[PDB]
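Enquirer: Take this structure first; my questions come after.
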Amino acid sequence: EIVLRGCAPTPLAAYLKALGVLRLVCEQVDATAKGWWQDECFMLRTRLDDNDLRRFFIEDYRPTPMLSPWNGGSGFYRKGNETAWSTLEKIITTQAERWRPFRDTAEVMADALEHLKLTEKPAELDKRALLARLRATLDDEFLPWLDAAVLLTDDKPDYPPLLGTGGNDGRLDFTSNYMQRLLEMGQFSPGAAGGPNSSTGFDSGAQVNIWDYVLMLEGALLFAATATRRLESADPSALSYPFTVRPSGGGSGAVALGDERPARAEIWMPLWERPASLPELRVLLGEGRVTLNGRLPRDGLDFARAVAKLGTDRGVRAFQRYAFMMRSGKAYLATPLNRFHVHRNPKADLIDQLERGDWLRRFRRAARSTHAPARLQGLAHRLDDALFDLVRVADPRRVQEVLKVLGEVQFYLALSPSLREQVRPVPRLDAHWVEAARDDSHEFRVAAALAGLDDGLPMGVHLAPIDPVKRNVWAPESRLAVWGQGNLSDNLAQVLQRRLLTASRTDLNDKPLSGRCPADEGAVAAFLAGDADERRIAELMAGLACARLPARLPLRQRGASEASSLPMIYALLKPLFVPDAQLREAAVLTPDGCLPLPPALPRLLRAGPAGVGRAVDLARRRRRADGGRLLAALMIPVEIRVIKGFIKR
Numbered sequence: 009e010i011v012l013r014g015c016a017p018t019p020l021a022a023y024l025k026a027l028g029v030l031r032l033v034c035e036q037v038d039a040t041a042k043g044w045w046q047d048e049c050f051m052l053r054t055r056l057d058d059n060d061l062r063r064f065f066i067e068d069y070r071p072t073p074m075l076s077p078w079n080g081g082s083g084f085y086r087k088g089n090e091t092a093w094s095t096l097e098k099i100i101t102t103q104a105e106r107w108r109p110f111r112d113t114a115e116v117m118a119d120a121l122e123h124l125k126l127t128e129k130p131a132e133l134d135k136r137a138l139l140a141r142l143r144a145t146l147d148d149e150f151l152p153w154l155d156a157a158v159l160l161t162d163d164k165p166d167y168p169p170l171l172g173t174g175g176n177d178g179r180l181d182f183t184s185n186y187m188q189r190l191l192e193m227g228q229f230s231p232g233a234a235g236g237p238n239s240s241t242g243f244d245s246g247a248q249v250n251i252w253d254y255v256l257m258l259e260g261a262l263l264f265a266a267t268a269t270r271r272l273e274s275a276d277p278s279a280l281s282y283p284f285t286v287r288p289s290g291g292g293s294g295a296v297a298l299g300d301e302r303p304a305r306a307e308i309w310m311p312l313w314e315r316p317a318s319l320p321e322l323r324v325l326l327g328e329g330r331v332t333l334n335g336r337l338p339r340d341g342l343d344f345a346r347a348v349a350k351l352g353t354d355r356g357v358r359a360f361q362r363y364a365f366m367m368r369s370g371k372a373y374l375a376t377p378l379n380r381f382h383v384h385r386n387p388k389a390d391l392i393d394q395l396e397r398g399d400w401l402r403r404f405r406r407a408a409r410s411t412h413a414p415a416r417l418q419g420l421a422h423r424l425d426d427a428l429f430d431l432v433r434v435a436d437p438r439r440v441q442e443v444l445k446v447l448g449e450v451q452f453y454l455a456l457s458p459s460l461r462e463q464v465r466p467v468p469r470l471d472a473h474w475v476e477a478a479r480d481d482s483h484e485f486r487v488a489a490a491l492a493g494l495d496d497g498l499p500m501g502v503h504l505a506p507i508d509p510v511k512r513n514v515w516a517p518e519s520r521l522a523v524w525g526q527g528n529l530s531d532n533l534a535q536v537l538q539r540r541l542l543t544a545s546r547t548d549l550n551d552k553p554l555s556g557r558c559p560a561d562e563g564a565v566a567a568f569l570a571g572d573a574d575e576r577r578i579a580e581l582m583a584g585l586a587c588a589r590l591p592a593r594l595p596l597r598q599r600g601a602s603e604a605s606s607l608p609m610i611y612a613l614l615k616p617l618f619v620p621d622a623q624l625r626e627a628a629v630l631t632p633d634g635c636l637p638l639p640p641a642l643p644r645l646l647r648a649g650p651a652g653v654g655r656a657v658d659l660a661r662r663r664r665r666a682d683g684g685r686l687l688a689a690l691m692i693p694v695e696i697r698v699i700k701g702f703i704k705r
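Take the sequence shown: its letters are residues 9 to 193, 227 to 666, 682 to 705, numbered as in the deposited numbering.
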């Protein structure tokens, strides 16, 4: 038994790579070999060893002739570029035994395309005709790629999501890249080329592990021809692979609603407990029958509920959920998702407001109405998914998802008078939706700066019973919970004192006060000027401290507060507080070696205008070597350029 530790169940590329390895090993001589998940890895049972497997792939492995005239992938297309032609010519000018299938397939597809007699490209009806001809002229080893990439249908074509627009993205195809990688030996992987989700420091010329890509495309072929329509209702309607439903952003976290709304599809990949041979996997991945029962599982939540019911059969231990998300652009990425569960939740109480006047029920009751096309039913399904996700995970982006689906529903209903008649006027909801919903004002930036501390300890350990190890759970004990109520300055002062005490007891000389969702000089000025809303800042900070912090929300900022109303005393005192690392980076004359804030300074600041004068005298004396709001402002995290600006002044 071989452990393919280069493969973990994620990303989707790795799962497909495992399937491709198993498929190739089985098909080519080792038919009854078996392949199952274990140890965060794929397991293979075969009479190949590691060395036999490597020799197989290096010296004998015939790749599947992935060539697609149904898109720009046969090697013969009007719109294209030179490298692809050079590649295809080199492959056609082969006579190697390993390349024979590619030559035959390319010749056949060229002949079919010529038989189309095109100007530049064929149309949808012509696409179906071309697919039929290719099916009638290809051979056994090619047809799995045809079945995976494209469909033959009664009324209109539709493109399976796993391979984009039919093995194609935009106006170009995966087959040319596949060929180029082979000779060296779009939508492919977020682990290599994902949207901004992790710490920075990477660059490449659109590079990918070539074996990963090849084996991924090889494994994608196990998704078979039984991707039929849901014979439901009475007009042309849903087509999909097995295990396919649209995605919901429960547990997504490092994802934005601008990508959820256009999400192409969601696919649930089974994981299983014992070695499984290829034909059983073909049955499993061909049927994947989660499509039934008149209120169809259009989206992921119904799939999850079926899993909970064991409606998705046992033997499959788990499903790895993947969402094809549009990364605010022209491309879709197969984003993996981590797992959360239905349980008690304070933000879930928000949903009760939607139950006022029974609105939600009425809306749901209206959704089936077929005079509203499948769109209304799909929106109702999406709303149910978003609400269940809100119950599962208390996160501002889930609240935003619910609000966005509600807005889309409202727009759709506004376009339909008959539907407008069927639901009574909406009940009043409470302001807590908004406060949990998106915020990004000066209040929000100050709150996120205060909440987004990253010296190990999150701000939660002060505002709530929290510990850094479990940031969205009933966590272990980090005992700094000294927060309070009402106006924000006193509670921030208490947090500063407790952080200084914790630093002294840990003996952290550099105060743990660095934050990485910072405010700005304008936000700090608005706070200091006496005009910003303190209470909303406090509530937003408490909310933001609740969970594992996401990559970042869509930031949409606002202008600074300044009209001859921004003091210098803040600049005089700030260098005494800033994390020493940062300060040392900062020009300030003050020492570099780290420091627990000069002993008496916070108390003097809290002692009022006379106390502020004493604090200024003390700061002057140390640098040679009104209060409360000023202290709270001094706590706010901001970046080094502001400190440089201060020093210049």
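Backbone N, C-alpha and C fix where the C-beta goes; we use that ideal spot for every residue, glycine too.
Give the single residue among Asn513, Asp495, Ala492, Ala522 whose Cα lies nearest to the Cα of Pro506.
Expert: Selected option, being the one with the closest Cα: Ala522.
Enquirer: Under 8 Å between the Cβ atoms of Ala627 and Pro616?
Expert: Cβ atoms of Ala627 and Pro616: closer than 8 Å.
Enquirer: With a threshold of 16 other CB atoms inside 10 Å of the CB of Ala492, please say whether the residue is buried or exposed.
Expert: Buried: at least 16 other Cβ atoms inside 10 Å.
Enquirer: Could you give the residue range of the beta strand (DSSP E) that holds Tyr69?
Expert: Unbroken run through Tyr69: none, as it is neither H nor E.
Enquirer: In terms of residue numbering, what span does the beta strand (DSSP E) encompassing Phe381 cover?
Expert: Element bounds for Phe381: n/a, residue is neither H nor E.
Enquirer: Cα separation between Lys700 and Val629?
Expert: Spanning the two alpha carbons is a distance of roughly 8 Å.
Enquirer: Taking the continuous alpha helix (DSSP H) assigned at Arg577, which residues delimit it?
Expert: Looking at the DSSP string, the run of the alpha helix (DSSP H) that includes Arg577 is 575-585.
Enquirer: Judging by CA-CA distance, which residue of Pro608, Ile10, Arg664, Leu645 is the nearest neighbour of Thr631?
Expert: The residue with the shortest Cα to Cα distance from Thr631 is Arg664.
Enquirer: What does the alpha-carbon distance come out to for the pair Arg512 and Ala345?
Expert: Whole-angstrom Cα-Cα distance: 24 Å.
Enquirer: Provide the residue span of the beta strand (DSSP E) that contains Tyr282, from first to last.
Expert: Neither: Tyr282 is in no beta strand (DSSP E) and is coded neither H nor E.
Enquirer: Going by alpha carbons, who is nearest to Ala648 out of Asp682, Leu659, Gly227?
Expert: With distances taken between Cα atoms, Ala648 lies closest to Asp682.
Enquirer: Please confirm whether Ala427 and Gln418 have their CB atoms less than 8 Å apart.
Expert: Contact flag unset, no.
Enquirer: So for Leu52, helix, strand or coil by DSSP?
Expert: If DSSP states are grouped into helix, strand and coil, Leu52 belongs with the strands.
Enquirer: DSSP puts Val296 in a beta bridge; with which residues?
Expert: The partner list for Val296 (beta bridge, DSSP) is empty, contrary to what the question assumes.
Enquirer: Which whole-angstrom value is the C-beta distance of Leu613 and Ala689, which I expect to be below 8 Å?
Expert: In fact, because the Cβ distance is near 13 Å, the residues do not count as touching under 8 Å.
Enquirer: Between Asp134 and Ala364, what straight-line distance do the alpha-carbon atoms span, to the nearest angstrom?
Expert: Computed Cα separation, rounded: 31 Å.
Enquirer: Is the beta carbon of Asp480 less than 8 Å from the beta carbon of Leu581?
Expert: Contact: yes.
Enquirer: Looking at the strands, I want to know which residues DSSP matches up with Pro311.
Expert: DSSP lists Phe360 as partners of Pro311.
Enquirer: Nearest CA to the CA of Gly80: which residue from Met74, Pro73, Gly88?
Expert: Checking every option, the nearest Cα to that of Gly80 belongs to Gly88.
Enquirer: Are the stretch 285-294 and the stretch 332-345 touching by the rule of at least three beta carbon pairs closer than 8 Å?
Expert: The stretch 285-294 is in contact with the stretch 332-345.
Enquirer: Are the beta-carbon atoms belonging to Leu378 and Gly292 less than 8 Å from one another?
Expert: Yes, they are a contact pair.
Enquirer: Between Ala39 and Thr145, what straight-line distance do the alpha-carbon atoms span, to the nearest angstrom?
Expert: If I take the Cα positions, the gap works out to 26 Å.
Enquirer: Does the separation of the CB atoms of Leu160 and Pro168 fall below 8 Å?
Expert: Result no, Cβ atoms of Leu160 and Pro168 do not sit closer than 8 Å.
Enquirer: How is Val11 classed by DSSP in three states: helix, strand or coil?
Expert: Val11: strand per DSSP, three-state reduction.
Enquirer: By the three-class DSSP mapping on this structure, what secondary structure does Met500 have?
Expert: Correct three-state label for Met500: coil.
Enquirer: For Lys511, report the span of its alpha helix (DSSP H) as first-last.
Expert: No alpha helix (DSSP H) holds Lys511; DSSP gives it neither H nor E.
Enquirer: Report yes or no: do three or more beta-carbon pairs, one from the stretch 590-601 and one from the stretch 555-568, lie closer than 8 Å?
Expert: Yes, the stretch 590-601 is in contact with the stretch 555-568.
Enquirer: Per the contact definition of three or more C-beta pairs closer than 8 Å, is the stretch 111-120 in contact with the stretch 63-82?
Expert: Cβ pair count under 8 Å is three or more, so yes.
Enquirer: For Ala131, does the count of other Cβ atoms within 10 angstroms reach 16, so buried, or fall short, so exposed?
Expert: Under this definition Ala131 is an exposed residue.
Enquirer: Report back the beta-carbon spacing between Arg302 and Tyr373 to the nearest angstrom; my notes put them in contact at under 8 Å.
Expert: Not really, about 13 Å apart at Cβ, beyond 8 Å.
Enquirer: How is the alpha helix (DSSP H) around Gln623 delimited, first residue to last?
Expert: Start and end: 621-626.
Enquirer: Applying the criterion that 16 or more other CB atoms from any shown protein chain within 10 Å of the CB defines a buried residue, is residue 201 buried or exposed?
Expert: Absent from the coordinates is residue 201, which sits in the stretch where the chain moves from 193 straight to 227.
Enquirer: Name the one or two DSSP bridge partners that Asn176 has.
Expert: In the DSSP output, where bridge partners are listed per residue, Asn176 has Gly172, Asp181.
Enquirer: The beta strand (DSSP E) spanning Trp45 covers which residue range?
Expert: Its beta strand (DSSP E) spans residues 42-46.
Enquirer: Measure the alpha-carbon distance for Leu138 versus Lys129 and round it to whole angstroms.
Expert: When rounded, the distance between both Cα atoms is 11 Å.
Enquirer: For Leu374, name the three-state secondary structure that DSSP assigns.
Expert: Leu374 falls in the strand class under three-state DSSP.
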